Structure formats: structure tokens, C-alpha cells
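Just so you know, the protein sequences line up as chains F, E and A, in that order. Using the entry's author numbering, the final residue of the first sequence is 120, and nothing's skipped along the way. Using the entry's author numbering, the final residue of the second sequence is 115, and nothing's skipped along the way. As numbered in the entry's author numbering, residues 7 to 38, 61 to 480 make up the third sequence, in order. Worksheet: one structure, shown below.
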Amino acid sequence: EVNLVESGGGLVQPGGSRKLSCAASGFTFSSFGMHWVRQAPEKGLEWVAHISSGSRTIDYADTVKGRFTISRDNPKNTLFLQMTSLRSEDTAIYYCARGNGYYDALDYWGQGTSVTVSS
Amino acid sequence: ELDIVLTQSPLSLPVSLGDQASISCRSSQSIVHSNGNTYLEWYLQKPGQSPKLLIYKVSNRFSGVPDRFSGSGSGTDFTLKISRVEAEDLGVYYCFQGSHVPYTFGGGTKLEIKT
Amino acid sequence: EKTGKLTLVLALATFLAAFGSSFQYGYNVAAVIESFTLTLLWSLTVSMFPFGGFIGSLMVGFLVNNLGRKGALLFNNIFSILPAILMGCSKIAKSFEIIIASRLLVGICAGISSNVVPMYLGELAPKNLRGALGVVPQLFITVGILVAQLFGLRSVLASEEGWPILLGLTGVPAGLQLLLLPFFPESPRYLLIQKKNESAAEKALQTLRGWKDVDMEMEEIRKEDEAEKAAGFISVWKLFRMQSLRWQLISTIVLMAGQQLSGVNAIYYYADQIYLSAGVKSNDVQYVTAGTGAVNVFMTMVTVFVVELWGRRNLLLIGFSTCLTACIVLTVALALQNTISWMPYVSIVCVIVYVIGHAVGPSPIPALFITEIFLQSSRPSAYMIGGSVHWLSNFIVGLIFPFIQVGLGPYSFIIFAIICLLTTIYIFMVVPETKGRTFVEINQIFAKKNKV
């Protein structure tokens with residue numbers, strides 16, 4: 002079965018940095034685009050970023066432009082999100098999601114990794 | 001800056017099992033992509049669980065989504081309809097547009113059982 | 007790899023291109061001392077058309093590599109429209125020289141269309157649809173011939189001439205193409221490689237395929253790019269100097285030449301003759317020509333779907349083999365039909381078999397196959413070569429076959445049979461199956477064959 006498992010999360014101070022990963026299995030990872038989506042405590046879902054299968058297309062949410070960098074390694078079947086200059090606004094669960102190209106939609110989601118930004 | 005906004009209504013929908021239920025999603029501008037496609041999607045999230053895809057390309061059910069779920073809409077106005085609410089359908093529904101960057105979720109609609 | 011699908015944009019682009027260019031081509035071919065003057069004159073006029081197709085095939089690479097595939101189709105449209113306006117002027121003033129020039133321009137249109145449409149649809153569609161939509165132009169050619177003779181007869185029943193309706197009928201496909209098609213994506217391969225536009229090619233592929241992420245297909249196209257970067261411009265001469273393209277070249281030439289040397293036109297205008305041999309009435313021969321047209325079109329649709337499922341190779345084999353048997357059995361048939369009345373009927377059935385066979389393997393495939401075999405930069409020059417061989421073969425057969433038929437009678441078909449068998453052997457020992465394979469993979473197969 003298809004699995005996506007994120008790691009790298011945890012507690013970090015404001016202004017601090019943290020790099021998230023998402024390990025993919027059960028499908029040809031390089032044929033699919035990938036997204037990061039977030040969810041703040043008691044809040045709705047907030048889209049964070051996207052990267053195309055070949056990394057030629059990269060897009061960011063306005064709230065993260067200039068601060069977050071999405072990347073991917075297809076041979077290693079791994080998606081990454083490098084975060085810097087973290088703030089309280091950014092405390093949330095981080096989901097990696099599969100871009101299914103026949104539909105263009107997020108058909109598979111990971112269990113998520115929790116990132117907490119505070120003193 | 002260009003901000004495509006998605007608005008779900010209502011915010012909370014109390015229902016009994018077996019009820020019909022409808023959820024609305026409105027975009028601040030047209031969300032038809034340059035590819036000719038309209039990427040309005042519906043996702044369901046249950047408490048302590050990850051979201052799952054319900055609807056893609058406005059009206060197409062995703063694999064595994066039961067036929068009680070149907071999506072409709074045009075241009076700027078979109079609706080998700082549930083013909084008969086089952087216990088497993090309870091949770092928070094989000095619409096999402098993948099047409100115009102930055103991509104955006106609606107604020108969510110909570111589908112909940114009446115007490 | 008992710009399998010592509012048929013979208014509305016791609017189906018409409020395919021329809022517009024094939025309709026205007028290839029249906030005006032198919033419809034057109036139907037339209038295309062004193063005794064001695066008549067034979068030389070008539071021969072010259074009917075020779076102007078394939079010579080026109082020859083010239084048009086020669087100028088394919090120029091137009092394609094400058095204007096693009098679509099742009100080439102639009103120039104094909106001015107070369108198509110100009111004879112019609114020359115026909116309006118013909119209504120105003122008409123000379124035999126203008127008739128000659130008209131058949132020349134029509135010929136150019138024929139060649140350019142026949143070469144460019146499978147190239148355009150080939151570079152447009154994904155590989156599977158590259159095969160199907162690769163067959164589609166010939167489908168519109170069969171349609172066109174069918175509607176041409178059917179509407180011609182219906183016209184004759186209705187009135188001596190259908191001028192406003194006919195002019196409208198020729199105007200409509202060109203009008204629809206000129207209006208709608210410019211708003212449809214160019215060849216993404218032309219855009220990314222030749223025109224060097226990543227964004228335009230990306231969006232073109234997005235609209236064509238129906239999905240956002242084209243990355244793998246684009247990087248594949250760039251694989252083709254770096255494959256052709258070692259080759260360079262690849263002029264026709266340079267193409268002839270290249271070993272890597274050599275067996276591919278021989279393949280194209282043998283395919284086109286064999287196709288036109290299979291005796292298609294002989295069957296075309298001697299059909300009514302064999303129908304007379306059967307004793308069939310002129311109205312009834314008109315009906316069975318209509319029926320042969322229906323067979324051709326239907327079996328051409330079948331040829332689309334089967335070209336995609338079974339593959340191009342096996343269909344080439346089936347077609348050429350069925351045409352070979354058709355030829356030999358035809359010769360024995362014609363020998364036996366003067367002796368026995370049961371045979372000529374058989375000859376009719378066998379002729380139908382021929383029409384089918386050639387409708388499947390020989391006619392539709394080789395052009396799309398010219399597209400499939402070569403890569404981006406070497407494709408249009410290869411279409412110049414293959415097209416040239418095609419129209420020159422049609423010319424050679426055109427002038428030479430009358431003398432052969434008049435001299436040797438029925439045996440003339442045996443030569444065509446020999447051609448068919450030789451061709452079949454060639455396809456057996458050479459032609460690879462290109463179904464579901466990228467241009468790079470087929471190029472690697474052919475390169476492997478060339479190196480060894």
C-alpha cells in the first residue's frame with residue numbers, strides 16, 4: 002500500500018530553524034507533484050507550498066514567501082521543506098501530500114509531523 | 001498581491017443521520033485555470049486523523065468515495081452535497097483551489113451530529 | 007510513465023487540422061493528332077498534381093522549421109484557398125494555363141498537408157494518441173474521397189452544378205481551421221526545442237494533456253533535444269550521410285515507394301472496369317464505389333483503434349500481405365474469369381480484400397511512422413524525402429502504368445505483387461514496433477541496428 006511518512010518536526014524557538022522531510026513509498030514518486038499543507042491548533046487547513054515532479058515548478062503561500070524553501074530528491078524518494086526564521090504564527094501540524102497527476106489533487110496524505118514554535 | 005479567497009458556508013452544520021446536507025464554497029475571483037480545467041476540490045478531515053480527498057475537478061468523485069457524495073458548481077459558485085449523512089461522514093470539510101498560486105483552503109465547515 | 011488521455015483541446019485540435027488540411031486533401035484528390065494531343069494534355073494536367081505534391085513536400089522543412097507545424101498548416105490553407113479563388117476568377121475568366129497552375133497549387137497543398145498533419149498530430153499527441161491521431165488524417169482523407177464522390181453524385185441527381193454549395197463546402201474546413209486552430213497549442217516539441225520556449229511548451233502540454241505537471245514529458249523532450257544536438261541541422265543531404273538514420277531512411281523510402289507501387293490507382297479507376305466485367309450497371313457501379321468508400325472509411329476507423337492496439341508493424345504486414353494475395357489471386361482470377369463466369373465474382377471479393385488491406389497497413393501508417401521513427405530536427409527532412417518518394421512514385425506509376433497495362437494486360441498486377449512481397453519481407457526483417465515507445469527509445473533501437 003501507498004505510504005507517506007513525515008519526520009524532522011519538534012520544538013523550536015522563534016527566529017529558529019528546522020528542516021522537515023517526507024518519505025514516500027508504494028508509488029513511483031518522481032511521476033507525481035508534491036505539496037506541503039499545514040494546520041494550526043484549533044484552526045482550518047492552510048496550504049503552504051508545492052513542488053512539481055521534476056522541481057521545475059515551485060510555489061509558496063504568501064505567509065511563507067522569502068522564508069520557506071521546498072525541495073525534493075526523486076532518487077531518494079524524499080520530499081523536504083527547509084524552514085528558517087520561524088515564528089509563533091508557524092506553530093502547526095505539517096502534512097506532506099501527493100499530487101495525483103491524472104486528477105491534479107491531493108489524493109494521499111501523510112500522518113503529519115508537529116512543529117511547535119515558542120519559548 | 002494576488003489572493004484567491006475560498007469561503008465555506010455555513011461554518012457549522014448540525015444534522016441527524018440520514019439527513020441531506022449541503023456545503024457552499026465561493027471564490028473571490030474565477031478559479032478556472034489556464035489549462036481549461038477548474039480545480040475545486042473537497043477534502044474531509046476527522047478528529048485526530050489526516051485529511052482525505054473526496055472530490056476533484058468540481059464534480060468527480062475520487063476513488064473510494066461513496067456515491068452519496070456529489071460535487072457541483074460553476075464559475076464562482078460551488079457546492080458539495082451529501083444525499084444522506086452517515087456517521088462516518090461527520091467531520092470538517094474543506095474546499096481547495098489549485099488553479100491560481102498561491103493555493104488556498106476555505107476556512108472549513110464542521111459537519112456535526114445534533115444533540 | 008504516466009499515460010496520456012484524450013482531451014477536448016487535443017481532440018478539437020486534431021479535428022481542425024485533419025478536417026481542414028487532410029479532408030480538403032481527400033476531397034480534393036477526387037476533384038483532381062487531336063487524340064494524341066488529348067493523351068499528352070490529359071497526362072500533363074494529371075501530372076501537374078503529383079509534381080505539385082513533390083514541390084510541396086520539398087518545401088515542408090522550410091515552412092515547418094520556421095512557421096511551425098500549425099503555421100505550415102495555415103500556409104497549406106493559403107495554398108488550398110488560392111485555387112478556389114482562381115476558380116472564382118475562372119468564373120470571371122478562365123484559361124487552360126490557369127487550370128494547370130490551379131492543379132499545381134492544389135498539388136503543393138496536397139503534399140504539404142499529407143506530410144505536416146501527421147507530423148503536427150504526432151508531436152502534439154502522447155505516444156498512444158500519437159499512433160491513433162497519427163492515423164486520423166488518412167481517415168479524413170477516406171472520408172473526404174467518400175463525401176466527394178457521394179455528394180458529387182447527389183449533386184448530379186440534384187443539378188448539373190452545385191457551385192454555391194460546393195464553394196461553401198470547400199470553404200468551411202479552411203474557414204474553421206483559420207478561425208479556430210490558431211488559438212490551439214503549437215507543437216510543444218517545436219516550442220521547447222526549436223523555438224526554445226520552456227514556458228510556452230509547458231502551457232501547451234498542460235492544455236493538451238489536461239494536467240498541471242508536464243515535467244517528465246518535457247525532460248523527455250529535452251532528452252530528444254540533446255540527442256539531436258549532436259546531429260545538428262540535418263539537411264536532407266546530411267540525412268543521407270548519416271548511418272544512425274540510415275536504416276530509418278531506407279525504411280521510409282521503401283515504405284512510401286512500396287505503398288505507391290502497390291498499384292492503388294490501377295485499382296481505383298479499373299474498379300469500374302472489373303465491375304463491367306461482372307456486368308454491374310453504371311448506377312450500381314456507382315453504388316459499389318460508394319460501398320468501397322464506406323469500406324475504406326470504416327476499416328480506417330478500425331485502422332485507428334487497431335493501429336493503437338496491435339501496433340504499426342503487424343498492421344503493415346497484414347496490409348501488404350493481404351494486398352499481395354489480393355494481387356496474385358486477382359491475376360489468376362482475371363485469367364479464369366474469361367474462361368469461367370464464377371470467378372469474376374471472386375475477383376470482386378478479392379478486390380474488396382485489397383481495398384481493406386491497403387486501407388489498414390499501407391496507406392495510413394507510413395506517414396505517422398515517418399513521424400515516429402525520426403527525432404525532432406531530422407523529422408521534417410525525412411518527411412521531405414519520404415514525401416518526395418511518395419509523389420514521385422505516384423508520378424512514375426501514373427505515366428508508366430498505362431504502357432505496362434496496355435502491353436502486358438492482367439500480368440501488370442504481378443509486378444505489384446512482387447513489390448508487395450518484397451516490401452513485406454522488408455517489414456519483417458526491419459520494421460520495429462513503435463507502439464507505446466518514445467522517439468528516443470525507437471531511435472535507440474534503430475541506432476542499435478545501425479551500429480551492429
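Here a beta-carbon is modelled for each residue, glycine too, at the ideal position from N, C-alpha and C.
Residue j beta carbon less than 9 Å from that of residue i
i       : j       : result
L21(F)  : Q112(F) : no
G106(E) : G45(F)  : yes
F444(A) : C355(A) : yes
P394(A) : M284(A) : yes
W48(F)  : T104(E) : yes
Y31(A)  : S141(A) : yes
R57(F)  : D253(A) : no
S183(A) : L194(A) : yes
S28(A)  : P165(A) : yes
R340(A) : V459(A) : yes
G98(E)  : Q45(E)  : no
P146(A) : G162(A) : yes
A24(F)  : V6(F)   : yes
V92(A)  : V35(A)  : no
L13(E)  : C95(E)  : no
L273(A) : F397(A) : no
Cross-chain neighbours of residue i in chain A, by beta carbon under 7 Å
i       : result
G36(E)  : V15, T235
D105(F) : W239, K240
Simplified DSSP state of residue i, which is helix, strand or coil
i             : result
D105(F)       : coil
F28(F)        : coil
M87(A)        : coil
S12(E)        : strand
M371(A)       : helix
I4(E)         : coil
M84(F)        : strand
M327(A)       : helix
residue 1(F)  : No statement about residue 1(F) is possible, as the shown extent of chain F runs from 2 to 120 and does not include it.
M35(F)        : strand
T462(A)       : coil
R250(A)       : helix
residue 51(A) : For chain A, the structure lists 38 followed at once by 61, and that leaves residue 51(A) out of the model.
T109(E)       : strand
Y218(A)       : helix
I71(F)        : strand
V65(F)        : coil
Neighbour list for residue i in chain F, Cβ cutoff strictly below 9 Å
i             : result
residue 60(A) : Regarding the residue in question, residue 60(A) is not represented: chain A runs 38 and then 61, omitting everything in between.
Contacts of residue i in chain E (Cβ-Cβ under 8 Å)
i     : result
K8(A) : Simply none; closest approach about 15 Å.
Chain-ordered neighbours of residue i on chain A, where CB pairs are closer than 9 Å
i      : result
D60(F) : Those do not exist, as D60(F) stays about 11 Å from chain A at its closest Cβ, beyond 9 Å.
Residue i: contacting residues in chain F (beta-carbon distance under 8 Å)
i       : result
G18(E)  : Result: empty, since nearest Cβ-Cβ is about 27 Å, beyond 8 Å.
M244(A) : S31, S32, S54, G55
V5(E)   : Per Cβ cutoff of 8 Å: no residues; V5(E) is ~12 Å from chain F at best.
Beta-carbon neighbours of residue i, restricted to chain A and to distances below 8 Å
i       : result
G102(F) : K8, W239, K240, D241
Within chain E, partners of residue i - CB distance below 9 Å
i       : result
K231(A) : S34, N35
Contact with chain C by residue i, beta-carbon distance below 9 Å
i       : result
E469(A) : Any reference to chain C falls outside this structure, whose protein chains are F, E and A.
Partner residues on chain F for residue i, Cβ-Cβ distance less than 7 Å
i       : result
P10(E)  : Simply none; closest approach about 14 Å.
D67(E)  : Within chain F, no residue comes near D67(E); the closest Cβ sits about 18 Å away, beyond 7 Å.
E247(A) : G55
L53(E)  : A106, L107, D108
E41(E)  : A106
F78(E)  : Under the 7 Å cutoff, chain F gives no residues; its nearest Cβ is about 14 Å from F78(E).
Any non-hydrogen atom of the ligand NAP within 8 Å of residue i CB
i      : result
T79(F) : Among the components of this structure there are no ligands whatsoever, and the ligand NAP is therefore not found.
Cross-chain neighbours of residue i in chain E, by beta carbon under 7 Å
i      : result
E47(F) : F105
### Entirely enclosed beta strand (DSSP E) segments - the stretch 63-89 of chain E, minimum 3 residues
69-74, 77-82, all fully within the stretch 63-89 of chain E.
### Query
What are the complete alpha helix (DSSP H) segments, minimum 4 residues, inside the stretch 285-314 of chain A?
Correct list: 292-306.
### Query
What are the start and end residues of each continuous beta strand (DSSP E) run of 3 or more residues lying completely inside the stretch 387-432 of chain A, in chain order?
Fully enclosed beta strand (DSSP E) runs of 3 or longer: not present.
### Query
Quick check: the stretch 424-444 of chain A against the stretch 64-78 of chain A, are there 3 or more CB pairs under 8 Å?
Yes, since at least three Cβ pairs between the stretch 424-444 of chain A and the stretch 64-78 of chain A fall closer than 8 Å, the two stretches touch.
### Query
Using 8 Å as the Cβ pair cut-off and three pairs as the minimum, do the stretch 202-214 of chain A and the stretch 102-118 of chain A touch?
Under the Cβ criterion (8 Å, minimum of three pairs), the stretch 202-214 of chain A counts as touching the stretch 102-118 of chain A.
### Message
Under 8 Å, with one C-beta from each stretch per pair, do the stretch 79-96 of chain E and the stretch 21-28 of chain E reach the 3-pair mark?
### Response
The stretch 79-96 of chain E vs the stretch 21-28 of chain E: in contact.
### Task
Return the chain-ordered ranges of every alpha helix (DSSP H) run that is complete within the stretch 16-41 of chain E and spans a minimum of 4 residues.
As for any alpha helix (DSSP H) of minimum length 4 sitting wholly inside the stretch 16-41 of chain E, there is none.
### Task
Quick one: which unbroken alpha helix (DSSP H) runs of 4-plus residues sit fully inside the stretch 133-215 of chain A? Chain order, please.
Within the stretch 133-215 of chain A, the complete alpha helix (DSSP H) runs of at least 4 residues fall at 155-186, 191-208.
### Task
Report yes or no: do the stretch 12-26 of chain F and the stretch 100-107 of chain F share at least 3 C-beta pairs separated by less than 8 Å?
The stretch 12-26 of chain F, when compared against the stretch 100-107 of chain F, does not touch it at the 8 Å Cβ threshold.
### Message
Does the contact criterion of 3 or more C-beta pairs under 8 Å hold for the stretch 275-289 of chain A versus the stretch 83-96 of chain F?
### Response
Segments in contact, no.
### Task
Decide if the stretch 16-31 of chain A is in contact with the stretch 49-59 of chain E; the criterion is three or more beta carbon pairs, one per stretch, under 8 Å apart.
No, the stretch 16-31 of chain A is not in contact with the stretch 49-59 of chain E.
### Task
For the stretch 132-141 of chain A and the stretch 78-98 of chain A, state whether three or more C-beta atom pairs, one from each stretch, are separated by less than 8 Å.
Yes, the stretch 132-141 of chain A is in contact with the stretch 78-98 of chain A.
### Query
Just checking, does the stretch 338-347 of chain A make contact with the stretch 370-389 of chain A on the three C-beta pairs under 8 Å criterion?
As far as the Cβ criterion goes, the stretch 338-347 of chain A touches the stretch 370-389 of chain A, which means the pair count is three or higher.
#### Entry: Those runs of the alpha helix (DSSP H) which lie wholly inside the stretch 221-246 of chain A and span at least 4 residues
You should have 226-237.
### Task
Please confirm if the stretch 256-271 of chain A is in contact with the stretch 407-414 of chain A, defined as three or more CB-CB distances below 8 Å between the two stretches.
In the pairwise beta carbon analysis, the stretch 256-271 of chain A is classified as touching the stretch 407-414 of chain A: at least three pairs are separated by under 8 Å.
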